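Enquirer: To start, I am sharing the structure in question, which I have written as structure tokens.
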Amino acid sequence: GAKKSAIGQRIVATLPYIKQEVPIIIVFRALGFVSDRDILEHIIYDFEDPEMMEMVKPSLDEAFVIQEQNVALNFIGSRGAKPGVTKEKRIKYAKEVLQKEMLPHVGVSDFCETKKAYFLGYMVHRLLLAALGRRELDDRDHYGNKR
Amino acid sequence: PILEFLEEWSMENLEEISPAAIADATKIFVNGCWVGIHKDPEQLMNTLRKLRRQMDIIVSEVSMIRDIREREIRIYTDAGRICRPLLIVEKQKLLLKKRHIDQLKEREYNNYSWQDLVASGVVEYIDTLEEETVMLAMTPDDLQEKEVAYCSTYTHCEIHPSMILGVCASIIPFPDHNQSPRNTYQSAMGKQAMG
Amino acid sequence: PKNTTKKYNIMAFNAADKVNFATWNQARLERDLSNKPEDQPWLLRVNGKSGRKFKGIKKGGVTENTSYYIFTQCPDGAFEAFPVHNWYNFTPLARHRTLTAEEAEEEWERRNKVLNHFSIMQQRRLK
Amino acid sequence: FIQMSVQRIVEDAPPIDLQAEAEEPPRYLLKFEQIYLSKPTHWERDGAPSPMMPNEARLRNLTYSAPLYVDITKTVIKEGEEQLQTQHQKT
Amino acid sequence: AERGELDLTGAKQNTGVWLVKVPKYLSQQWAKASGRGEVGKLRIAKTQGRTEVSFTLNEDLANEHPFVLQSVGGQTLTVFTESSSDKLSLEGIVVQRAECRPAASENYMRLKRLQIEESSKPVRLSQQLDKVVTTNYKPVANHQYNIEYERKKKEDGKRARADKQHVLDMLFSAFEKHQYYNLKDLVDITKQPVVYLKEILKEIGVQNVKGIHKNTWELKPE
Amino acid sequence: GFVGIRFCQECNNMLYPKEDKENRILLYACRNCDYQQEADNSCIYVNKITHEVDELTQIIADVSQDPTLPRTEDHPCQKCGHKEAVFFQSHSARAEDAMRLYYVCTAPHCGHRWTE
Ligand SMILES: [Zn+2]
Ligand SMILES: [Zn+2]
């Protein structure tokens, strides 16, 4: 924006059964990883790498208000089809979404938060690599990408 | 079974690994899901192929793609991958020998079939994602011989190039001397003939 | 000794936080407080109220992939190997701080949102 | 599809759970066991099965279909007493 | 004694142990082989080797040791004892981790075939057949309807009645549960037919057409 | 040469640059907690814009195992007098507007990489 303009690259994650876009760091905190280091550890792998470290900084600055797991679940539930009124109903809807809708293939059980976190971090990693320019953008016509 | 074998060959489950040790960086995937990491990619992909050329993982389309610079291994076991049979070239020399051709020639008397050729590990099914990791020769008669070296590390070899053509385009004779639009027009008209 | 049914576990920490370091004097368990029911996250503490609390969630793949026996030194004559009943990693939490559970639902950094603020203005509100 | 997918779909379907709504009224559970499949058969006006050859189904405007069967199992759990299994059969 | 929360877990000493990865079936052999005490023959071997101290960990019981070593990771993996008892304590830290690699060559392929013969070909695949002629089959009457009839051989829904004063006795005590009770509510508490009970319920009370819980039969206090 | 972060020693939420208005020395105080530490380096933000010669970096050594890359017996390795180097182009979205062929040795455990 005209005022700050320093965090222009915000990493945001659309989710199944959740209307508005959700900043990715809130999703990672909702998985059960509230620590900022504990999230950037899943996203960025070689810490001495300055580029990714700076490039994830906007997504970090854009969520300081949501700092606890249940607060994160409240945020992601506030975009449900019908959040209801009770805190512990929005909480349960967000847990059900992050359990069954978001990334089913990594798992659906109640003990796969770490797997879902690692995989979403890998997606943000691939997005950051496409941003910097290391890996090339994937191709839709390439027949290996079709089944 | 591939998940079990990977567990049994030092692939550290993603939950056990020290999370900073992910710069070991061979991020093994199965059907598109994280299953762990691995420190030795080269001695792992020489073991999944050695298995797929006899029997533990179905000799049919279980692809193994090691993307070297990206540092990933991608094992796909699912429906919808167009595979292709290609010979094997180990040390600039085919795995097919006259013994195989002689056994296949006497097909009706033997019980030697294509399946015995695939079990013998001389022909394997390469899908497309594995195709971007292999160096092919079109004809063994050349491209496996010596000159100013184009490629000294081939990995496979086409059975016969005329197998890139489909059914209705294998009818047209000398299809390399014609223009390509005319070849498509023949693939069209050849479906409208009487017989 | 196999007849004994004490079930061993795994208490694992990230290399990020500092390990017990023996500065942990005496407190190392609570498994039930996460009611909101037989299997629920542990919630651990540190020699009372003052300390760094943390929680451990279990491991998805522990036994189906490959069983991890625990071969022990066993200073006696014999050795013993125990099948691990479950694995669960510990993450430092209970916030060791104040958390903004309402935040008046602020604007998401569209406003100036002068940083190093909203948390020094807070902790001044409420004394 | 017919050898490893239909049985997968059928055995990976949740047991139909029923409890009488109208002193712990009776509860009924049903689970689907193996799938059995037969030869493409026909049923004439008189109800007799007769193997349906493909050429006949092309001539007589028929569908080359095979009857599908599945073993279901009841469970009468009632009044805190013993259950009655009663596996029906190929159905 | 109370053990609402142990939160002591015992010794600060933490005499170290070593995590090991153990095969899926070889460990099953060492376990279900006997109740010797998960020791079998387990003692520190004394050998020079390649500057390594091997183990007399049971290798004969296959009916260093072929494992290989790995370093520390994360915390070094403290391990406690969730016992059948309420709770006792914690144990030492893990000093190292050891793999479960098979001892030799292709033998692993035979081991997987053994997992398949054991594991007993675990897949349920559909089967073929001649034909089925025992589907919908000829009953005089379906048995569920038969037992419905045999039960209606007990009474009649067009029941008798003699006690007009009886009705209020139960509704005295039970209106705290439902201030207005449904007709289906009164009927089973009573044993009377519906039209006669309704003829009485006209005289005694009124139906709560618009009620917070539902719409049914309230009472005039007197 | 900014240290991309220096996580808090207490709450692990990414220390940020703050000014010490009293003594006027650079600090890195957290926000969610109250921890504050002094700063060794005084660069808080370093975007270059263009790029450096970083393709001699970001080229892992394991690429010598690729059967799809060229092998040249000329241009031998400098670290060790071994022949047979594998060579490729940048392979980056930023092409550098150049066809610089980066080499990499193919003798195991050498891993030397150089542009010429
Ligand atoms: Zn802190
Ligand atoms: Zn060299």
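All chain E residue numbers match Swiss-Prot; in order, they span 2-64, 80-238.
We read in the header that electron microscopy, 4.8 Å was used to get this structure.
The backbone N, Cα and C atoms fix where each Cβ goes, and this holds for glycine too.
Residues or ranges marked as DNA binding site by Swiss-Prot: E:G227, E:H229. If you look up Swiss-Prot, you'll see E:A2 marked as N-acetylalanine, on the strength of a large-scale study or a structure entry. Sequence annotations record features per position, and here Swiss-Prot assigns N6-acetyllysine to E:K22, E:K33, E:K137. What Swiss-Prot records for E:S142 is phosphoserine.
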Enquirer: How big is the gap, in Å, between the Cα of E:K137 (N6-acetyllysine) and that of E:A2 (N-acetylalanine), rounded to a whole number?
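Expert: Distance (Cα to Cα, whole Å): 49 Å.
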Enquirer: Can you count the other CB atoms that lie within 10 A of the CB of E:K33 (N6-acetyllysine)?
Expert: 9
Enquirer: List only the single closest residue to E:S142 (phosphoserine), chosen from the recorded positions E:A2, E:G227, E:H229 by CA-CA distance.
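Expert: Closest by Cα distance to E:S142 (phosphoserine) among the recorded positions E:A2, E:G227, E:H229: E:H229.
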Enquirer: Quick one: give me the count of other CB atoms within 10 A of the CB of E:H229 (DNA binding site).
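Expert: A 10 Å sphere around the Cβ of E:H229 (DNA binding site) contains 9 other Cβ atoms.
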Enquirer: I need the most crowded of these modified residues: E:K22, E:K137. Count other C-beta atoms within 10 angstroms of each C-beta and give me the top one.
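Expert: Output for this query is E:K22.
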Enquirer: Which Cβ among the recorded positions (E:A2, E:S142, E:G227) has the fewest C-beta neighbours inside 10 Å?
Expert: E:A2
Enquirer: Using Cα coordinates, what distance in whole Å links E:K22 (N6-acetyllysine) and E:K33 (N6-acetyllysine)?
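Expert: So the Cα of E:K33 (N6-acetyllysine) lies 18 Å away from that of E:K22 (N6-acetyllysine).
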Enquirer: Rounded to the nearest Å, what's the C-alpha distance separating E:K33 (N6-acetyllysine) and the residue listed as 'N-acetylalanine'? Just drop the number here, would you?
Expert: 35
Enquirer: Roughly how many Å separate the Cα of E:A2 (N-acetylalanine) from that of E:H229 (DNA binding site), to the nearest whole number?
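Expert: Cα-Cα, rounded: 49 Å.
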Enquirer: Could you say whether, by DSSP, E:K33 (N6-acetyllysine) belongs to a helix, a strand or a coil region?
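Expert: The residue in question, E:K33 (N6-acetyllysine), is helix (DSSP, three-state).
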Enquirer: Three states by DSSP: which one describes the residue listed as 'N-acetylalanine'?
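Expert: SS state of the residue listed as 'N-acetylalanine' = coil.
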Enquirer: Near chain C: which of the recorded positions E:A2, E:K22, E:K33, E:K137, E:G227, E:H229 have their Cβ closer than 8 Å to one of its Cβ atoms?
Expert: E:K22
Enquirer: Below 8 Å between Cβ atoms and chain D: which of E:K137, E:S142, E:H229 make it? I'm asking about the recorded positions.
Expert: E:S142
